[PDB]
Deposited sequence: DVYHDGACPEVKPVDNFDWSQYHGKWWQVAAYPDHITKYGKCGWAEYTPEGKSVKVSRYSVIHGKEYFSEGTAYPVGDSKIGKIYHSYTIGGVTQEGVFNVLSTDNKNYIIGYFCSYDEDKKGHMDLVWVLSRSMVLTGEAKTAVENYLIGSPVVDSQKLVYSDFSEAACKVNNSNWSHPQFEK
């Protein structure tokens, strides 16, 4: 678990998040290593809409063992600001994360910061409708990472949905 002296940075929230995109199968195409360790490699999730929320069934390989987690996600306050409550089971755990960037079509970048040792740990992940980022979505992703008051594009690990077992 990697810690960075100081409080979590202040983050500019998105203003156009669209909950309607999240159904079907989304692939976790990249993440920070602390996230891949904690919540697994080879990650993907099937989202099922249920009113103003989504049911999440998420597959990953965690400490070398396959797991399914059953979980939910919900908006927190105005849905457009991309503040997202999620639960995942287990042992059910819950929390809140925020959306750093999306094109409301192909990809979403999620972020969680967590601050008493003098510091914070950041977790970043990227989901996409396609197993691999190609082009348009990839370009969008490429640019957002640079002006990030918080994402270190060098620290991301891109998934390889190949070997995975």
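Deposited-sequence stretches lacking C-alpha coordinates, listed in sequence order: The deposited sequence has unmodelled segments at 90-91, 118-119, 168-169, 172-184.
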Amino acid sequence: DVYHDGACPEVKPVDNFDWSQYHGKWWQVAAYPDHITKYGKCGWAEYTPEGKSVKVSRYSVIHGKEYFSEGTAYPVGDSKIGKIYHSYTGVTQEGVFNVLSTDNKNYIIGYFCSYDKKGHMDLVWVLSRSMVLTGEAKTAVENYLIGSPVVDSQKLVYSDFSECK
From here on, numbers count along this sequence of modelled residues.
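Residue range whose averaged C-alpha B-factor is higher in the record, 15-23 or 146-154: Between 146-154 and 15-23, it is 146-154.
Between the two ranges 53-61 and 135-143, the one averaging a larger CA B factor in the entry: Taking the mean B-factor of the alpha carbons in each, 135-143 is higher.
Maximum C-alpha temperature factor, selected from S114, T37, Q28, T48: Largest recorded C-alpha B-factor: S114.
Modelled-residue ranking by C-alpha temperature factor, third containing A73: Its C-alpha B-factor belongs to the lowest third of this chain's values.
Chain thirds of CA B-factor: placement of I81: Middle third, going by the recorded CA B-factors of the chain.
Where the record places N104 (Cα B-factor, split into thirds across the chain): As the PDB entry reports it, the C-alpha B-factor of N104 lands in the lowest third of its chain.
Third assignment of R129 from its chain's C-alpha B-factors: Its C-alpha B-factor, which the entry lists for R129, ranks in the middle third among residues of this chain.
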